[PDB]
Amino acid sequence: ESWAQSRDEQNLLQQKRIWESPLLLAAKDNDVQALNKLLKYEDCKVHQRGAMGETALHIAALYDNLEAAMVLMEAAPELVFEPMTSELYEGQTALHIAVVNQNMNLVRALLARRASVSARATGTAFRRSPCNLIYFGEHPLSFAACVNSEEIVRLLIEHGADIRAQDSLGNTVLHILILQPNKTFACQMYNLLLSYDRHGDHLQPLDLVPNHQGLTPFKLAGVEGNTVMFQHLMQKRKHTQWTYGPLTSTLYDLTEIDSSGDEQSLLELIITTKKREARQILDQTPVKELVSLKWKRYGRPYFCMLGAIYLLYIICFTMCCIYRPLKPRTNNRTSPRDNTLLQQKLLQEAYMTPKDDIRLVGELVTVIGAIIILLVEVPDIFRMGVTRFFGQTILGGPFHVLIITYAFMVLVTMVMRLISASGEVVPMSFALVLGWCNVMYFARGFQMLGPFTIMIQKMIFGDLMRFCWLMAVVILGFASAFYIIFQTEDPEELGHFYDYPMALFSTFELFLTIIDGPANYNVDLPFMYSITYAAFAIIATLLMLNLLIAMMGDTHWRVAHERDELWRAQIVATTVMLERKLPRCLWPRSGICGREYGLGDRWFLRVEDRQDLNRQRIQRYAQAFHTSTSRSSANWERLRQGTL
Amino acid sequence: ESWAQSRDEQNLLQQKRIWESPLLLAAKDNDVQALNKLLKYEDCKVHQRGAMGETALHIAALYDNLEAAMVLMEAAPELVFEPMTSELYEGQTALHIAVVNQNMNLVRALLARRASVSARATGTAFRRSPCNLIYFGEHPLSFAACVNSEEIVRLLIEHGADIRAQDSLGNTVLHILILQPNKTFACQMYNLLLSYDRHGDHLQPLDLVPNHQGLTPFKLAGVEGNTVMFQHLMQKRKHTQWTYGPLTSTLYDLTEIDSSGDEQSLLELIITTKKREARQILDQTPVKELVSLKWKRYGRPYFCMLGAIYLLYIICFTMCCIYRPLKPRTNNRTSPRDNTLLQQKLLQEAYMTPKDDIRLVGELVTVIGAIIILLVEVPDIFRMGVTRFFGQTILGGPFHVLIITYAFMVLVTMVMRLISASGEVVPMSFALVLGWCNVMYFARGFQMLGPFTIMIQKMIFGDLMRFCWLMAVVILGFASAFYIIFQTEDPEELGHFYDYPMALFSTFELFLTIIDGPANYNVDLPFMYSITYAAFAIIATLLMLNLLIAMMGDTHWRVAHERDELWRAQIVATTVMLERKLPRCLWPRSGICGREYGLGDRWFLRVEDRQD
Amino acid sequence: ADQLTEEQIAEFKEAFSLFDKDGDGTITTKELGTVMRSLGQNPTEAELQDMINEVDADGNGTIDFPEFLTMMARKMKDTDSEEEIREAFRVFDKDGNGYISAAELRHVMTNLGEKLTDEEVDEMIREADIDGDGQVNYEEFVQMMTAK
Ligand SMILES: CC(C)CCC[C@@H](C)[C@H]1CC[C@H]2[C@@H]3CC=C4C[C@@H](OC(=O)CCC(=O)O)CC[C@]4(C)[C@H]3CC[C@]12C
Ligand SMILES: CC(C)CCC[C@@H](C)[C@H]1CC[C@H]2[C@@H]3CC=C4C[C@@H](OC(=O)CCC(=O)O)CC[C@]4(C)[C@H]3CC[C@]12C
Ligand SMILES: CC(C)CCC[C@@H](C)[C@H]1CC[C@H]2[C@@H]3CC=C4C[C@@H](OC(=O)CCC(=O)O)CC[C@]4(C)[C@H]3CC[C@]12C
Ligand SMILES: CC(C)CCC[C@@H](C)[C@H]1CC[C@H]2[C@@H]3CC=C4C[C@@H](OC(=O)CCC(=O)O)CC[C@]4(C)[C@H]3CC[C@]12C
Ligand SMILES: CC(C)CCC[C@@H](C)[C@H]1CC[C@H]2[C@@H]3CC=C4C[C@@H](OC(=O)CCC(=O)O)CC[C@]4(C)[C@H]3CC[C@]12C
Ligand SMILES: CC(C)CCC[C@@H](C)[C@H]1CC[C@H]2[C@@H]3CC=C4C[C@@H](O)CC[C@]4(C)[C@H]3CC[C@]12C
Ligand SMILES: CC(C)CCC[C@@H](C)[C@H]1CC[C@H]2[C@@H]3CC=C4C[C@@H](O)CC[C@]4(C)[C@H]3CC[C@]12C
Ligand SMILES: [Ca+2]
Ligand SMILES: [Ca+2]
Ligand SMILES: [Ca+2]
Ligand SMILES: [Ca+2]
Ligand SMILES: [Ca+2]
């Protein structure tokens, strides 16, 4: 936060040093007459600095003064070199500024003066951060490729640029074009920059070299959500086999998409990244057909066998909690005889009958099942991460936690059974509601139940959590109000509020209207009570519980095409998980191999389709070569009013 | 599923055989220089095959090489014949490929070489399936008519095509034009193909011959939902009588629409098909006025007389269940004296008083009414079907099942009364809630109650069924949790959870908030209970019951013009049912006959309107 | 051809694509022959030879995308649009493909209330859809503003 305060003080100080210098001020406006008067002096300070460590040539290039800049190069040719020496704009030369301002004459004048085309603008104002508004790169070729100047890119290559210039992030030129906000003009430059490669043997062509994260330009478009760049890179990886009328048969290349992937493959990059714009690549031309062929064939049957093994596991655990051992109460009821009702307790040497030998089999099924959970899930938590990015995988989220907490509470019950501890009701009654509500994990493989389980999650971390802060405000105010009213009275004719922990649990239920409400009709209640309960029932039942339904109802139609995009991404996350953990004897590799068909060793997936025949489009571009309704039109005027 | 895996292996193998053959590769690109070097040899394998059983001429026609294809015809004229011999593209000749690629010079070159214009592309890649992306037909005239090339259609007729070419489905050329995805250009070809008929006497003109399902081109547009082709075929079947200013009086022909229909007529085809695009033909120009004249005149009064006979039937059955015989308890209360409250039981020789002779009349009304249901409904289930397509008629759906299950449970009660079995409460208490909720069938003839009964059905098989899977997950988790908490305690001060069948029935009701909630306030409840019930009431009452109202409220405005289209189709299904089962003494035939007006023997319906 | 905005290049890119039915960047006389036969015309082999050779600056014999972009800027019809409409379209279009969709008019209408059914979203599309792909262009988007 204080860095932006310090960065603003740098820019105001730079304007101070220009006004307080006769060279820098004259180089700022244009003052071509004033430079000849100063530079003819003896000690006219040609290597003068500023706040950004800039010279007079950096100023003349920044404020776009071609006439003043040539005068500085004539009187002092050493200023074409010597970049800025500040921390912020470190390494930025005068050639960098002329390229970003997209000047054509000043760049060509600097290249005649033997400028460095391989300098590095390695300051903190050019690095990829959310603080900086731009990420252009480090090299002059990277600057010219991002401001969309094809003249300067062609000019820089002819003067000996390097096409394989890598940053401090490792990004080449082709990686930087993907990270730009103008998708369409980045495609036009991407064809240009590969066109001037054409001799890049190197055992690495050009667009296959990765950055320091191991990502090619194809996979970096997959992570960053460039839908436009992704479709442009599909042109290289398809082959049209035959065109039979309105029917083509293309042949996509699954060598960087399919998750056979001993390396990190594209379906793992998209499904683990946090951006909500990368999940739109799951609807493109090779990826949508790849997931469906995995899910229909081998994804759904293996997911419904794990849904039936887990369901018979949690029935076997349930009947060990129903038939758990109990003996009648040993000593006495003599705990104070008006508030005790427990009459059985836990047994120590439970296994001494044949009916408990069946249960011992059922408990060893449970405990072995609780170890297997902590061996397939915990060595992914402590190994692939130190719990920094485990929370939201996609939005899938809690079912990692609910299956760890289940396997913990079974093993707590194992400890309390061996040492014969007292209360096993507490570790069990967590382990059942954690156990059965984890069956909701297996409702993502059914289209009926899929998008509904996402809306349960988007209410708990949202429109139910913001209601439970303003519920606990209310039922602390009224429960402490109802407590002091019945504090001075008789706690057996109306005992909803005799303890303060009980008064919090009555008012929590009167807010929810699940218990009835304090009324006796034989004895005179306090006169203050009927006032403060009629005040309570209006802002509990008439206002705030009818404001959840108005708020959950408003949300449910707004996120109603996002939860359908979230469900199609829960299938991809499930499919990649089932592909990784299962052995290779099951789950054959997707696509057709190419060894016995003369295509190499890579794996292909063909897709045929019937496209169209749209006459009005194709006839308009052909001549260019030559040698229900009523309320729809109401909606467009609603858009014209909104636009205006 | 494995067929598409096998079909992909065929296409990759075809590209292998082309590259591994010097003839087929040279015929692929164009290589007109390379063909003259190979074909001048002695054994240059002119009848060479591939994966699809194709020749070099099939390859040159597929990749659109006019120059290479003529060289193959000069060096070997036998390749114009000899179609593909694979299973997938069986029978496809080289003329078929030149027509689908819409080449004009290659077709005319093949017709000079005496090509077969009556060949059949009878492979598994041309049949009408959801696997294939196209259904073009079998004949070259069928191929040219579907890719919209009027030049090649005129070219094929002049060289002796057959205008009545029928497929393996029986479809003619005019049937295939209806099944195409471009509706407007199919209308333009439909006029062209009839124009070249013009001598089709045959005792069958051209567009009256059916396919192997008995459907004409007019009725096939009705089934498949071609609204554009349906309005185009109405031009033949109307007659403008007079035009009086802004007022015309047309005269539609009800000879293939009206369900007098000893054959299968168009109102039965639309109302039984599964497509949701065929129900838009119920709003067109002769059909909308035909249904309303049936429903207002003879459809609604006969449906409200069956609604009043059935209502007095289910009152007569109700009072036989109220006045059913009971005697006081015979032996003892001695079943274990803390959990028994029943104090009457069923009588054996019930009919021995004059007040039960009235009921015997009322029960014979019921049982005879239960046989008549199983004689007008079961001989349509076992006869017209083996229960393959009984389920969703339109969406009407359950009322077939609820009236069979009612007539079954009455006859179970007849068996248990004759053999004097013990429990008649179980077959009756089904038969009443099945009996009275079937009165909701008769709410489709009232516009107030019509579209509301459809929304009850579209929630039960939808937004209530997906909630009851995630309700039974919750009330198995908490009911097994609440059971073990009160398992170690006293089952009379708070006995909501003493049995496991009772703990499932308490937590089902605490989820619905219909019973109150376990609270005693005299004895100390378990400390774990107040935690796990406050956890329960948040995700039962505050979350998930307020998420039905947010979900049923979101659905109700999305399907709010579909349920109005579903109601206007429930009237047509009711009208056709009432027309079929009632005799001809009632229900006069719709429209005006034409015997005494000089129009033939067919039946007409005039509609006048003010246009603009 | 450096006078062309972001939305025109996105229109002309797929316009290049449905000519080129082999998945590269080369219009041979073959692929323009496959188009002109599908228009019902009889392409003269001299006419197919001329139209490629007329606009092919490099001399390879195949029209690529910068030559198809150079030709289309010659044979550009016109556009004289507004600042307010173009800034509206670039915000409405989210992924930047040069096209507003049926999935992207749901977002604009949810932004200002306006409960549409998914049928009524497609009923908005077909009114602005001049040519037809189920998408509204930038040229079609301008057309639905200055109509009044
Ligand atoms: C002892 C006998 C009866 C065998 C019992 C084995 C199964 C009942 C257990 C053992 C390991 C379990 C699996 C361990 C890990 C996972 C991953 C887990 O993944 C998530 O939670 C992803 C969603 C998220 O990001 O939260 C879902 C449950 C699952 C498949 C579990 C399903 C149930 C399994 C197969
Ligand atoms: C915004 C509110 C006013 C909505 C309008 C509803 C009124 C008709 C309700 C709400 C508040 C109620 C009052 C709240 C407090 C009291 C005091 C209450 O106390 C007594 O006089 C009897 C003593 C006792 O009840 O213990 C009697 C009912 C009464 C007048 C209630 C009568 C009905 C009132 C006016
Ligand atoms: C002694 C006397 C009173 C006998 C009783 C005769 C009537 C009360 C019964 C006999 C036949 C019954 C009919 C048999 C068949 C049908 C068709 C049935 O249609 C369906 O099942 C709905 C169609 C769909 O699923 O969409 C609705 C009830 C109805 C009219 C029944 C209404 C009640 C009827 C007229
Ligand atoms: C009908 C579907 C679509 C809704 C979801 C099913 C379950 C969530 C509900 C509905 C039917 C219910 C069952 C209907 C019948 C019974 C028998 C009945 O058990 C008893 O005999 C004990 C109670 C008694 O004896 O009074 C009550 C519990 C139970 C299992 C109910 C438990 C909760 C169930 C399974
Ligand atoms: C999601 C929640 C946190 C939103 C806000 C609601 C809270 C104010 C509720 C939810 C859980 C409730 C607690 C659940 C369990 C108990 C134990 C129970 O206390 C007893 O042990 C019995 C009373 C007695 O000591 O006599 C009732 C109070 C208390 C703390 C409840 C007090 C009110 C709490 C904190
Ligand atoms: C306190 C003890 C007794 C029980 C507490 C229950 C809580 C912790 C459990 C039980 C029910 C669970 C929820 C059930 C359903 C969903 C929707 C799913 O898409 C993500 C997980 C999520 C959001 C679960 C989160 C954790 C949850 C709220
Ligand atoms: C278990 C026993 C006692 C109860 C029987 C209830 C069942 C058989 C009955 C009661 C109410 C009935 C529903 C009532 C309403 C509708 C809407 C209608 O458009 C189609 C039928 C449908 C969907 C019925 C289906 C069957 C139904 C659910
Ligand atoms: Ca109540
Ligand atoms: Ca090409
Ligand atoms: Ca070129
Ligand atoms: Ca878009
Ligand atoms: Ca368009």
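Values quoted throughout were computed directly from the atomic coordinates according to the rules given, and no laboratory measurement underlies them. With ideal geometry, Cβ positions are generated from the backbone for all residues, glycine too; neighbour counts draw on all protein chains shown.
Just give me the residues in the stretch B:228-260 being touching a helix residue (DSSP H, G or I) at 6+ places or on another chain (Cβ under 7 Å) and surrounded by fewer than 17 Cβ atoms within 10 Å (Cβ to Cβ), in sequence order.
B:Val228 - this is the single residue of the stretch B:228-260 that is touching a helix residue (DSSP H, G or I) at 6+ places or on another chain (Cβ under 7 Å) and surrounded by fewer than 17 Cβ atoms within 10 Å (Cβ to Cβ).
Suppose we filter the stretch A:160-193 for residues that are among the β-branched types (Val, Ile, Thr) and over 21 Å from A:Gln235 (Cβ atoms); how many remain?
Residues meeting the conditions: 0.
Could you tell me which of the residues C:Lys94, C:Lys13, C:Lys21 is touching a strand residue (DSSP E or B) at 6+ places or on another chain (Cβ under 8 Å), basic (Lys, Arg), at the interface with chain A (Cβ under 9 Å from one of its Cβ atoms) and closer than 26 Å to A:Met234 by Cα? First the steps, then the outcome.
Working: C:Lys94 fails: touching a strand residue (DSSP E or B) at 6+ places or on another chain (Cβ under 8 Å); C:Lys13 fails: touching a strand residue (DSSP E or B) at 6+ places or on another chain (Cβ under 8 Å).
Result of the check over C:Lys94, C:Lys13, C:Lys21: C:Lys21.
Take the residues of the stretch B:516-540 that are among the hydrophobic types (A, V, I, L, M, F, W, C), surrounded by fewer than 18 Cβ atoms within 10 Å (Cβ to Cβ) and within 29 Å of A:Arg337 (Cα to Cα): which is nearest to the other protein chains (Cβ to nearest Cβ)?
Out of the qualifying residues, it is B:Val523.
Out of C:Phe65, C:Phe89, C:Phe16, report the one residue that is at negative phi, aromatic (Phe, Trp, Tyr), out of contact with any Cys (no Cβ under 7 Å at 6 or more places or on another chain) and within 16 Å of ligand 11 (Cβ to nearest atom). Talk me through it step by step, then tell me what you get.
Numbers: C:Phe65 fails: within 16 Å of ligand 11 (Cβ to nearest atom); C:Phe16 fails: within 16 Å of ligand 11 (Cβ to nearest atom).
Only one candidate qualifies: C:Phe89.
If you check B:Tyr498 against the conditions, is it more than 10 Å from chain A (Cβ to nearest Cβ) and either more than 30 Å from A:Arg324 (Cβ to Cβ) or hydroxyl-bearing (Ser, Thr, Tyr) (or both)?
yes
Among the candidates C:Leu39, C:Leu112, which residue alone is over 20 Å from the mean Cα position of the chain (by Cα) and among the hydrophobic types (A, V, I, L, M, F, W, C)? First the steps, then the outcome.
Working: C:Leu39 fails: over 20 Å from the mean Cα position of the chain (by Cα).
Of the residues listed, the single one that is over 20 Å from the mean Cα position of the chain (by Cα) and among the hydrophobic types (A, V, I, L, M, F, W, C) is C:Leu112.
Table: residues versus (1) under 30 Å from B:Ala573 (Cα atoms); (2) among the polar types (S, T, N, Q); (3) surrounded by 13 or more Cβ atoms within 10 Å (Cβ to Cβ).
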residue: B:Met384; (1), (2), (3): yes, no, no
residue: B:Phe389; (1), (2), (3): yes, no, no
residue: B:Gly396; (1), (2), (3): yes, no, yes
residue: B:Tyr406; (1), (2), (3): yes, no, yes
residue: B:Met409; (1), (2), (3): yes, no, yes
residue: B:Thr413; (1), (2), (3): no, yes, yes
residue: B:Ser422; (1), (2), (3): no, yes, no
residue: B:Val425; (1), (2), (3): no, no, no
residue: B:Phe430; (1), (2), (3): yes, no, yes
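Looking only at the stretch A:359-380, decide whether some residue is more than 11 Å from chain B (Cβ to nearest Cβ), closer than 30 Å to A:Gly462 by Cβ, of a type in the set (A, V, I, L, M) and surrounded by 12 or more Cβ atoms within 10 Å (Cβ to Cβ). Spell out how you get there, then give the answer.
As a first pass, look at the stretch A:359-380 and keep what is more than 11 Å from chain B (Cβ to nearest Cβ): A:359-380.
Okay, now just the ones that are also closer than 30 Å to A:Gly462 by Cβ, so A:373, A:377-378, A:380.
In the following step, the residues that additionally are of a type in the set (A, V, I, L, M) were identified as A:373, A:378.
Cutting the leftovers down to surrounded by 12 or more Cβ atoms within 10 Å (Cβ to Cβ) gives us A:373, A:378.
The answer is yes, given that some residue of the stretch A:359-380 is more than 11 Å from chain B (Cβ to nearest Cβ), closer than 30 Å to A:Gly462 by Cβ, of a type in the set (A, V, I, L, M) and surrounded by 12 or more Cβ atoms within 10 Å (Cβ to Cβ).
Quick check on this structure: which one of A:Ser628, A:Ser590, A:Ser632 is within 14 Å of chain B (Cβ to nearest Cβ), assigned to a loop (DSSP other than H, G, I, E, B) and over 30 Å from A:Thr255 (Cα atoms)? If you could, list the steps in order and put the result at the bottom.
On the way: A:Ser590 fails: over 30 Å from A:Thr255 (Cα atoms); A:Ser632 fails: assigned to a loop (DSSP other than H, G, I, E, B).
Answer to the check: A:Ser628.
Looking at the stretch A:168-198 only, could you name the residues that are over 17 Å from A:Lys219 (Cβ atoms) and away from every other protein chain (no Cβ under 13 Å)?
A:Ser168, A:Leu193, A:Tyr196, A:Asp197, A:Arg198 - these are the residues of the stretch A:168-198 that are over 17 Å from A:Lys219 (Cβ atoms) and away from every other protein chain (no Cβ under 13 Å).
Going by what's in this entry, would C:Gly61 be described as facing another protein chain (nearest Cβ under 9 Å) and in contact with a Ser or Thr (Cβ under 8 Å, 6 or more places away or on another chain)? Spell out how you get there, then give the answer.
On the way: facing another protein chain (nearest Cβ under 9 Å): no; in contact with a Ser or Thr (Cβ under 8 Å, 6 or more places away or on another chain): yes.
No.
Condition test on B:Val425, is it of a type outside the set (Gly, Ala, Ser) and away from ligand 3 (no atom under 12 Å from the Cβ)? So that I can check it myself, show each step before the final result.
Values: of a type outside the set (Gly, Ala, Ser): yes; away from ligand 3 (no atom under 12 Å from the Cβ): yes.
In short, yes.
Here are some conditions: (1) crowded, with 20+ Cβ neighbours inside 10 Å; (2) under 22 Å from B:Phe511 (Cβ atoms). A:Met551 meets all but one. Which one does it not meet?
It fails just one condition, (1).
Would you point out the residue of the stretch C:97-125, among those that are farther than 30 Å from A:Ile178 by Cα and more than 8 Å from every other protein chain (Cβ to nearest Cβ), that is farthest from ligand 6 (Cβ to nearest atom)?
Selected residue: C:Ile125.
Which residues, taken from the stretch B:478-493, are closer than 12 Å to A:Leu341 by Cα and facing another protein chain (nearest Cβ under 8 Å)?
Going through the stretch B:478-493, the residues closer than 12 Å to A:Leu341 by Cα turn out to be B:486-493.
Within the stretch B:478-493, B:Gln487, B:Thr488, B:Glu489, B:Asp490, B:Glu493 qualify.
List pairs: first in the stretch A:287-306 and closer than 19 Å to A:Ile271 by Cα, second outside any helix (DSSP H, G or I) and among the polar types (S, T, N, Q), Cβ under 7 Å, 6+ apart or cross-chain?
If the second residue must be outside any helix (DSSP H, G or I) and among the polar types (S, T, N, Q), the pairs left are A:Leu290/A:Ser590; A:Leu293/A:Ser590; A:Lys294/A:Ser590.
Go through the residues of the stretch A:548-570 one by one and say whether even a single one is touching a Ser or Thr at 6+ places or on another chain (Cβ under 7 Å) and at the interface with another protein chain (Cβ under 10 Å from one of its Cβ atoms).
Of the stretch A:548-570, the ones touching a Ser or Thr at 6+ places or on another chain (Cβ under 7 Å) are A:558.
With at the interface with another protein chain (Cβ under 10 Å from one of its Cβ atoms) added as a condition, the list becomes A:558.
Within the stretch A:548-570 (the criterion being touching a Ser or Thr at 6+ places or on another chain (Cβ under 7 Å) and at the interface with another protein chain (Cβ under 10 Å from one of its Cβ atoms)), the answer is yes, since at least one residue qualifies.
Take residues that are farther than 28 Å from B:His175 by Cβ and among the hydrophobic types (A, V, I, L, M, F, W, C) and tell me which of the helices (runs of 4 or more DSSP H) falling wholly in the stretch B:229-324 contain 3 or more. Before you say what the answer is, go through the steps one by one.
On the way: elements: B:266-272, B:287-294, B:300-322.
Helices (runs of 4 or more DSSP H) meeting the threshold: B:300-322.
Report, by residue number, each residue of the stretch A:328-358 that is away from chain B (no Cβ under 11 Å) and among the basic types (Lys, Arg).
A:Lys355 - this is the single residue of the stretch A:328-358 that is away from chain B (no Cβ under 11 Å) and among the basic types (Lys, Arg).
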